[PDB]
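J.: These protein sequences, in sequence, are chains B9, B7, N4, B8, AC, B6, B2, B4, BK and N5. Be aware that the first sequence starts at 44, since it is given in the authors' numbering, and climbs by one per residue. Be aware that the second sequence starts at 1, since it is given in the authors' numbering, and climbs by one per residue. Be aware that the third sequence starts at 1, since it is given in the authors' numbering, and climbs by one per residue. Be aware that the fourth sequence starts at 83, since it is given in the authors' numbering, and climbs by one per residue. Be aware that the fifth sequence starts at 70, since it is given in the authors' numbering, and climbs by one per residue. Be aware that the sixth sequence starts at 125, since it is given in the authors' numbering, and climbs by one per residue. Be aware that the seventh sequence starts at 52, since it is given in the authors' numbering, and climbs by one per residue. Be aware that the eighth sequence starts at 2, since it is given in the authors' numbering, and climbs by one per residue. Be aware that the ninth sequence starts at 2, since it is given in the authors' numbering, and climbs by one per residue. Be aware that the tenth sequence starts at 276, since it is given in the authors' numbering, and climbs by one per residue.
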Amino acid sequence: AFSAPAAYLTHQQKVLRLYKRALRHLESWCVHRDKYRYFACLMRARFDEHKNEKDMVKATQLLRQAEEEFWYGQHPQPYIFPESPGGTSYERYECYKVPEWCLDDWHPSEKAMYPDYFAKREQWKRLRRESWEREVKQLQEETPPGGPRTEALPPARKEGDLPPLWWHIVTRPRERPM
Amino acid sequence: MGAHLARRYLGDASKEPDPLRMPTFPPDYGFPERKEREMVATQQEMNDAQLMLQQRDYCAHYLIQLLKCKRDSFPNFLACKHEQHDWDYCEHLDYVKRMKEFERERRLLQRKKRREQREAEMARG
Amino acid sequence: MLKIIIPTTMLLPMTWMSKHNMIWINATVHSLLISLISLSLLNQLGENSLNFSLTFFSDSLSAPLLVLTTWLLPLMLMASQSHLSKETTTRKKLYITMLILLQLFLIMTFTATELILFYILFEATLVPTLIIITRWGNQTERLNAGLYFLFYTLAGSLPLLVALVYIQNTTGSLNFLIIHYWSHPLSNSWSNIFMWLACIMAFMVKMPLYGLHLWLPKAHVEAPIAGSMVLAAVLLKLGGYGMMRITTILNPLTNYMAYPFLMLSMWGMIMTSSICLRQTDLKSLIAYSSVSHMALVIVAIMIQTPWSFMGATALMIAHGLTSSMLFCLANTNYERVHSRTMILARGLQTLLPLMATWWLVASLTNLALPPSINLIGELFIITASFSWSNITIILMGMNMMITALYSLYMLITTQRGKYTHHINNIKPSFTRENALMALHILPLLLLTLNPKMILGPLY
Amino acid sequence: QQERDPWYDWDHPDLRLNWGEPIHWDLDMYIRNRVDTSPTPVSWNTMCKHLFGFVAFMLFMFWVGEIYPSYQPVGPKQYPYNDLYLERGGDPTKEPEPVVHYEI
Amino acid sequence: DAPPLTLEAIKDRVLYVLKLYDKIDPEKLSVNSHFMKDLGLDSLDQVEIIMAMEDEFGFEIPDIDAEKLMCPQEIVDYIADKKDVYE
Amino acid sequence: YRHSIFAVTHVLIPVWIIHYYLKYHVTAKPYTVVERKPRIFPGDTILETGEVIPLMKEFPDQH
Amino acid sequence: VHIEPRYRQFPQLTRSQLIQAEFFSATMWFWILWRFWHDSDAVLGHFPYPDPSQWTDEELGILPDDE
Amino acid sequence: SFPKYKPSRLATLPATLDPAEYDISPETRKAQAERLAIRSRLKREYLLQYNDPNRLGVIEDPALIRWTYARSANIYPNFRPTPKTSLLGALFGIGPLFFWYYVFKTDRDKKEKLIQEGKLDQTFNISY
Amino acid sequence: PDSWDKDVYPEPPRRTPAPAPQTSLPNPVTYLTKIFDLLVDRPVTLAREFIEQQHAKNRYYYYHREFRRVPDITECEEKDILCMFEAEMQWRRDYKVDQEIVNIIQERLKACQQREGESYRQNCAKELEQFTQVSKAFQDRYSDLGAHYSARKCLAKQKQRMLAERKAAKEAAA
Amino acid sequence: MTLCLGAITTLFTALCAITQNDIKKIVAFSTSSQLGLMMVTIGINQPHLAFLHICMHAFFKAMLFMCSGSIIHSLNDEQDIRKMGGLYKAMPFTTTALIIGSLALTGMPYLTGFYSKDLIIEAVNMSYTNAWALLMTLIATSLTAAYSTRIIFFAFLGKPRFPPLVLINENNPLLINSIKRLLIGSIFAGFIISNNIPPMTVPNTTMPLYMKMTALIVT
Ligand SMILES: *P(=O)(O)OCC(C)(C)[C@H](O)C(=O)NCCC(=O)NCCSC(=O)CCCCCCCCCCCCC
């Protein structure tokens with residue numbers, strides 16, 4: 044989520060993702076902890092058996108066969124963490140997330156109900172306004188002439204600068220806002 | 001559930017009774033003198049007691065007595081055991097009468113089959 | 001009726017003589033007073049109508065429509081004052097004048113006692129609506145929408161004029177009372193078939209009938225908020241009122257000539273609900289919902305039973321109020337984000353709670369939710385259609401299911417979900433907008449409380 | 083959008099769309115609230131065959147059990163007054179065909 | 070409802086799990102020990118460590134981000150940032 | 125004290141209003157409130173006229 | 052009462068909840084036993100089921116085959 | 002071996018089972034790089050507009066505008082009467098109408114015949 | 002009660018059985034009935050007495066409007082608008098009265114069904130026959146007039162029915 | 276039609292229930308199966324037994340859902356029996372409440388669910404019904420017992436499988452009192468209701484012993 048994706052997944056990344064998915068589905072099948080440990084050790088034994096192979100064509104064929112075997116043998120109802128996309132508690136608090144631009148439309152009386160918070164909010168707003176020009180200058184200086192080849196962003200190269208395009212990342216609503 | 005279903009379906013439905021068409025023989029066929037069933041409770045009594053039409057069988061008087069017993073001893077909802085047992089026994093007797101009717105129908109049907117087979121054999125010979 | 005007609009003709013000079021900053025206040029106050037005065041027409045007789053004079057009369061069918069029009073004028077004033085902040089004083093006064101002229105023509109149309117005066121007035125309602133649309137519309141398609149609306153209505157209604165003058169020459173009078181008492185059966189001949197076609201087709205185009213309705217999406221999408229409110233709330237009810245008026249002299253030919261229109265109405269109700277299921281524009285969704293409800297009203301009028309007329313009247317009133325409220329809500333959303341795309345703005349429930357409540361209530365009334373007058377009318381029409389035939393229940397059930405589907409789809413898409421991140425100009429809802437929604441919704445619930453006032457003469 | 087990657091930092095996380103990318107023609111029906119085309123553990127043909135076979139077998143067995151009902155070895159229940167002629171709404175003037183139940 | 074997490078608590082829990090890992094020597098394990106450069110593990114071991122941390126803290130780490138966590142301090146920082154822990 | 129204030133208002137006032145509405149308004153038009161007639165058993169005393177509904181005949185008792 | 056969270060340890064319990072759970076389980080079992088002691092006919096039946104085969108043709112009104 | 006998975010339109014083929022996912026030409030890699038570059042350029046433009054502090058309002062989406070325009074206002078200019086469109090329009094527009102007409106006409110004819118012969122149960126039918 | 006007419010709205014005499022307790026246990030229903038009478042019945046009765054005393058000080062009356070009979074559509078000449086108007090109004094008033102008669106009979110039927118309870122199929126046969134006759138007459142009168150019903154349409158329907166009856170009688174006598 | 280619909284509903288829902296890993300899903304399918312049983316009861320012309328079962332099912336199913344919610348809230352919004360375990364001794368009161376509810380649901384011979392389900396099964400066996408419907412009803416009762424056992428086994432028996440940070444705490448007076456009130460009803464309410472209502476149907480006094488004990492045998 045926080046990391047910019049690459050153009051493709053390498054063979055190592057593909058096999059590692061397959062390994063993790065197979066272990067998760069095996070844990071779904073093997074409910075008990077000792078049984079899961081036994082069969083996870085067996086699965087890692089298989090992976091270590093095929094770990095050393097110089098023929099990339101044969102390695103790719105083995106990966107394809109392993110993927111087909113996993114798809115046949117997957118759990119129809121695998122365990123999903125509650126906050127994971129398939130989970131039962133996914134996106135439950137998205138209705139409680141309110142942004143700071145919505146915060147600044149308050150009535151003067153509502154603002155006066157929280158005197159100390161809004162002084163620091165004004166300080167943050169001034170800090171944001173005093174850095175945008177330097178951020179855009181840095182962004183346009185370091186980009187290739189053709190255009191951005193990836194979604195990764197540069198850090199602050201100077202002592203007094205902030206990383207470009209930081210406002211919404213920094214001020215995103217909390218995971219349990221209300 | 002029962003053996004009669006097996007006999008009727010995986011067997012001779014002609015000899016087994018038909019529940020929807022029963023009875024198929026005259027009530028006096030085999031009974032020289034047969035007494036008609038006696039009804040204790042009257043139509044007006046059942047109507048006043050507001051018995052459901054499914055409950056207005058020949059065991060209705062015991063049901064009326066049970067209802068009267070339950071109404072009088074209201075807070076004590078455990079003081080109608082004798083009336084409940086009497087009603088249950090009357091229902092049991094009615095059920096065994098129905099069972100006797102079914103068995104009589106079955107054996108009359110098989111006797112008719114035996115007689116017709118004997119007549120067919122005699123006609124052949 | 002002069003006690004209501006003259007105050008409108010006095011609304012005109014008051015608006016044109018008022019100050020540059022008091023036009024909205026004066027117009028709203030006096031429109032509300034006129035509506036309060038017009039509330040007195042609901043006291044009707046059970047035998048006959050209220051015959052004020054030789055020219056105007058009021059009936060149990062005309063009274064609710066007049067009250068609806070008089071109550072609708074101030075709401076249009078509020079919405080117009082919302083969207084015309086930067087306009088010049090003369091143009092604001094011209095807009096208010098157009099609205100007042102439209103209200104005056106509608107009142108006279110509903111109270112007219114002759115078919116020819118009724119025709120003249122209900123054709124006179126075209127000019128203010130066309131001017132409003134083609135002058136204060138926002139997008140380019142307003143000109144095309146105005147052309148489509150105008151020419152559909154006129155191509156429908158000119159044969160009605162010819163048939164009306166022919167009927168007057170044949171029978172002696174176009175007075176509604178006389179043509180009701182002196183009615184004679186309409187024999188099955190080609191000439192009678194074509195006269196029936198002329199009258200019914202004019203009012204069907206006004207309804208609109210399925211296959212003759214594209215002008216409705218074109219106009220309602222491209223009209224300003226006041227035009228959208230008046231077009232759906234009242235101007236669609238002229239066809240129903242006319243059909244309920246003229247069917248006195250079309251019997252028994254209506255028994256044989258109603259089949260194609262009934263089939264069109266039912267199948268087009270299904271088709272327009274399905275179209276609502278897949279609309280990328282909110283105003284278009286509301287417009288096609290209006291088309292479906294008016295198709296149901298057409299079915300009721302065509303089957304023509306005493307239970308169908310009451311349902312038709314109740315459904316007309318309920319649909320007017322509900323469609324007006326829905327258009328107002330969509331207009332507030334549009335003024336927030338300056339676009340009509342449905343998926344552009346989301347999370348409006350967590351950004352604007354009271355507007356989410358208004359949306360929920362409007363969508364609940366849009367689908368037939370008991371004991372709302374929407375459900376009362378729909379249920380009466382369904383019962384009459386069931387007595388007519390026993391597959392109409394299948395068609396009505398399909399329509400109800402799809403109606404609930406698309407209403408809740410609109411509600412969920414607009415209000416629920418997570419807010420759009422880049423839309424940060426959504427200011428809190430105004431007291432004006434909240435009052436507009438409240439004044440839209442409270443009369444509907446009060447009419448639910450007292451339902452005999454909108455069930456028409458057949459009650 | 084259900085098939086689209088859930089862990090990516092989409093501009094519109096609920097719709098799973100990016101700003102500026104071309105939009106599918108049928109996006110209106112492919113949202114996460116509507117028709118889902120994500121791969122299933124079992125093949126579509128196999129699922130259809132299993133569901134159809136189950137429902138067809140259940141209907142066939144219901145018909146079989148209807149033509150072969152289950153009951154108890156008892157006779158019809160007996161009621162006192164001509165099978166309760168008057169209590170079921172019979173006409174008092176007309177005389178019903180007598181129904182007599184005997185002892186056994 | 071649940072007590073809030075803290076940076077010290079997260080660090081203690083991750084070091085607890087890592088010390089319970091058999092392939093890691095508890096004595097030479099520090100908060101800055103690299104899993105492959107100075108602990109001698111490999112890709113599968115790192116995947117298993119990430120899965121153990123997910124089971125410990127009750128939330129899933131996506132594969133795009135999990136591959137880059139090569140240090141207990143990096144794991145602590147990732148968990149704190151995702152759970153909005155600032156103290 | 126809170127339960128007492130809750131009890132008088134929330135329970136006492138509605139029951140007063142509803143009893144007043146039922147006794148003098150609802151039960152002022154015919155057939156508004158219809159009670160299923162009480163069940164009458166043999167050997168009973170009808171209180172309207174002091175009537176004695178007699179007992180049933182002798183049961184053919186078993187055991 | 053305040054219950055402190057435990058890490059990898061059995062949760063702290065309360066004597067009140069322990070005794071309440073035991074009391075309600077004992078109440079259920081006592082009720083079941085007490086009910087079965089009094090009216091076991093609800094479970095085991097109350098009246099014998101006749102065997103139709105033991106009924107005589109004389110009492111069922113069946114004449115001999117020859118007659 | 003293991004039974005194969007047959008993809009359908011409502012149950013698509015998973016990425017891990019796609020045969021083209023394991024046969025990568027060098028041109029496929031540059032195509033993926035170009036796709037990533039396009040996505041990155043669009044993301045950069047959107048993020049600049051999004052994080053601009055002086056911006057108040059909605060970031061208009063040309064893709065969304067194109068989609069809405071193509072769905073409604075661009076259909077008729079690109080429509081041509083072909084045999085396929087003509088047959089489909091005639092069927093889907095007229096066939097249901099005549100089908101329902103036949104159904105309702107037959108039902109009403111049967112009901113009217115029953116009424117005329119006087120053997121239709123219409124007792125208590127007061128409301129109509 | 003004297004608010005309505007016992008002949009128009011009959012109620013069979015109410016036979017309430019006398020209580021015959023058979024146990025020493027107190028009756029919670031009796032105790033709660035006594036509490037309800039003490040807490041609710043007396044206050045509402047006092048309030049109603051006060052209100053009715055207030056009403057008796059300003060006693061005024063309202064009357065029932067009486068309409069005389071007028072010549073009907075059978076006597077009205079063709080296209081005589083005044084006579085047709087009078088006859089149509091009288092016919093509409095009679096139609097309303099007939100609708101209310103049917104409503105009264107339906108109320109009788111519902112009340113009798115509810116009162117009889119479990120024995121409604123037999124004891125309500127008297128009110129079912131009256132409802133059947135009234136519904137038959139009302140249907141023969143105003144069965145299929147339509148939305149634009151009128152005295153002329155009702156008269157035409159009656160003429161058609163009379164002609165059909167005459168034809169049937171002639172065929173039977175032939 | 277009603278009998279067939281109820282039979283197929285209860286069978287299909289129980290069959291789906293016996294293999295679900297979400298506790299709320301399992302309880303929902305149990306509710307659907309009980310609704311199918313009620314529909315079967317209506318189809319055999321026993322409307323009052325259906326109402327009695329409605330009341331009893333309301334009691335013990337509400338209690339079961341409350342216990343499941345307590346388990347879910349104690350384990351930080353975890354709804355998977357594959358992650359529950361050890362709760363028999365971890366949570367005493369919810370354990371005993373769930374055990375009592377499952378005993379009542381399956382038809383323990385003298386609990387709240389006994390006075391309705393047992394009579395329903397007896398009336399189904401003793402009536403002129405569809406043989407397939409009767410068979411499906413019996414199989415549905417067996418599968419009801421099966422999924423109740425599955426819930427108990429995978430939620431309370433064995434070793435813990437939840438995350439190590441134990442936040443288990445069921446000492447809240449609100450939860451305890453609500454479960455207590457719904458727990459007394461799951462034991463005594465059926466007896467009182469059955470013994471207070473008037474006789475509204477003819478009892479099945481005479482029946483074969485194996486048919487009398489069918490519900491217990493299949494359970
Ligand atoms: P780190 O960088 O050390 O990772 C080492 C890797 C794997 C990257 C190697 O450097 C490498 O690439 N080696 C050669 C390629 C290779 O390993 N090919 C074979 C890998 S796939 C395979 O052999 C294992 C698959 C067997 C198990 C499949 C699981 C399917 C069953 C799941 C069922 C679901 C429920 C249990």
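Virtual Cβ for every residue (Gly too), placed ideally from N, Cα, C.
Is any non-hydrogen atom of ligand 1 found closer than 7 angstroms to the C-beta of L369 (chain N4), if you look at the structure I gave you?
T.: Reading the third sequence from its first residue, position 369 is the one you call residue 369 (chain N4). Incorrect: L369 (chain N4) has no Cβ contact closer than 7 angstroms to ligand 1.
J.: Beta-carbon separation of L174 (chain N4) and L164 (chain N4) under 8 angstroms?
T.: Numbered from 1 along the third sequence, position 174 holds the residue referred to as residue 174 (chain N4). Numbered from 1 along the third sequence, position 164 holds the residue referred to as residue 164 (chain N4). Result yes, Cβ atoms of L174 (chain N4) and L164 (chain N4) sit closer than 8 angstroms.
J.: Are the Cβ atoms of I301 (chain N4) and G240 (chain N4) separated by less than 8 angstroms?
T.: Stepping through the third sequence from its first residue, residue 301 (chain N4) is reached at position 301. Stepping through the third sequence from its first residue, residue 240 (chain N4) is reached at position 240. Contact: yes.
J.: Run the CB neighbour count on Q65 (chain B7), radius 10 Å, all protein chains shown included, and call it buried at 16 or more, exposed below.
T.: Within the second sequence, the letter at position 65 stands for residue 65 (chain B7). Its Cβ being crowded by 16 or more others within 10 Å, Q65 (chain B7) is buried.
J.: How about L277 (chain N4): is its Cβ closer than 7 angstroms to a heavy atom in ligand 1?
T.: Stepping through the third sequence from its first residue, residue 277 (chain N4) is reached at position 277. Not under cutoff, so the answer is no.
J.: Hey, quick one: how far does the beta strand (DSSP E) through residue 157 (chain AC) stretch, first residue to last?
T.: This structure leaves residue 157 (chain AC) out entirely; chain AC is present only between 70 and 156.
J.: Kindly identify the DSSP beta-bridge partner or partners of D281 (chain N4).
T.: In the third sequence, counting from the first residue as 1, residue 281 (chain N4) sits at position 281. Answer by DSSP bridge pairing, in chain order: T341 (chain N4).
J.: Counting beta carbon pairs with one atom in the stretch 89-103 of chain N4 and one in the stretch 275-286 of chain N4, are three or more of them shorter than 8 angstroms?
T.: no
J.: Could you please give the first and the last residue of the uninterrupted beta strand (DSSP E) stretch that includes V176 (chain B6)?
T.: As a first step, residue 176 (chain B6) must be located in the sixth sequence, where it is residue number 52. Element bounds for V176 (chain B6): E175 to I177.
J.: Is the CB of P75 (chain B7) under 8 angstroms away from at least one CB in chain BK?
T.: Numbered from 1 along the second sequence, position 75 holds the residue referred to as residue 75 (chain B7). It does: the Cβ of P75 (chain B7) has a partner Cβ on chain BK nearer than 8 angstroms.
J.: In this structure, how does DSSP classify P18 (chain BK) when only helix, strand and coil are distinguished?
T.: Here the question's residue 18 (chain BK) lines up with position 17 in the ninth sequence. Correct three-state label for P18 (chain BK): strand.
J.: Mind checking whether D114 (chain AC) and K80 (chain AC) have CB atoms under 8 angstroms apart?
T.: As a working note, residue 114 (chain AC) is residue 45 in the fifth sequence. As a working note, residue 80 (chain AC) is residue 11 in the fifth sequence. In this structure, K80 (chain AC) does not lie closer than 8 angstroms to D114 (chain AC) by Cβ.
J.: What are the residues in the stretch 466-484 of chain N5 lying within 8 angstroms of chain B7 by C-beta distance?
T.: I467, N470, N471, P473, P474, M475, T476, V477, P478, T480, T481 and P483
J.: Between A44 (chain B9) and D134 (chain AC), which are expected to be in contact by the criterion C-beta below 8 angstroms, what is the C-beta distance as a whole number of angstroms?
T.: In the first sequence, counting from the first residue as 1, residue 44 (chain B9) sits at position 1. In the fifth sequence, counting from the first residue as 1, residue 134 (chain AC) sits at position 65. Contact holds; Cβ gap of about 6 angstroms.
J.: Determine the chain AC residues that contact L442 (chain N5) at a beta-carbon separation under 7 angstroms, and present them in chain order.
T.: Locating residue 442 (chain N5) in the tenth sequence gives position 167, where the first residue counts as 1. The answer, in chain order, is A71.
J.: Please state the DSSP three-state secondary structure of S152 (chain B8).
T.: Here residue 152 (chain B8) refers to the residue found at position 70 of the fourth sequence. In this structure, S152 (chain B8) counts as strand in the three-state DSSP scheme.
J.: Between the C-alpha atoms of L280 (chain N5) and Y95 (chain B7), what's the straight-line distance to the nearest angstrom?
T.: The residue given as residue 280 (chain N5) occupies position 5 in the tenth sequence. The residue given as residue 95 (chain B7) occupies position 95 in the second sequence. Each residue's Cα considered, the two are about 30 angstroms apart.
J.: At a cut-off of 7 angstroms, is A72 (chain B2) close to ligand 2 when judged by its beta-carbon and the heavy atoms of the ligand?
T.: In the structure on display, ligand 2 does not appear, and the ligands it does have are ligand 1.
J.: Identify the contact partners of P428 (chain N4) in chain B9, using a Cβ-Cβ distance below 7 angstroms as the criterion.
T.: As a working note, residue 428 (chain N4) is residue 428 in the third sequence. Residues of chain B9 passing the Cβ test: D148.
J.: Output, in sequence order along the chain, the residues in the stretch 9-34 of chain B4 whose CB is closer than 9 angstroms to any CB in chain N4.
T.: So nothing in the stretch comes that close.
J.: Which runs of the alpha helix (DSSP H), 4 residues or longer, sit entirely within the stretch 50-119 of chain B7?
T.: 60-72
J.: Give a yes or no on whether the minimum CB-CB distance between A44 (chain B9) and chain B8 is below 8 angstroms.
T.: The residue labelled residue 44 (chain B9) in the question sits at position 1 within the first sequence. Closer than 8 angstroms to some Cβ of chain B8, the Cβ of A44 (chain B9) qualifies, so yes.
J.: Using a C-beta to C-beta distance shorter than 7 angstroms, which residues of chain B9 count as neighbours of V116 (chain AC)?
T.: Locating residue 116 (chain AC) in the fifth sequence gives position 47, counting from the first residue. Correct list: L59, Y62 and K63.
J.: In whole angstroms, give me the CA-to-CA distance for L171 (chain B6) and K161 (chain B6).
T.: Along the sixth sequence, one-based indexing puts residue 171 (chain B6) at 47. Along the sixth sequence, one-based indexing puts residue 161 (chain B6) at 37. Taking the straight line from one Cα to the other gives about 13 angstroms.
J.: Taking Cβ positions, are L102 (chain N4) and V230 (chain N4) nearer each other than 8 angstroms?
T.: In the third sequence, counting from the first residue as 1, residue 102 (chain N4) sits at position 102. In the third sequence, counting from the first residue as 1, residue 230 (chain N4) sits at position 230. Going by C-beta atoms, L102 (chain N4) is nearer than 8 angstroms to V230 (chain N4).
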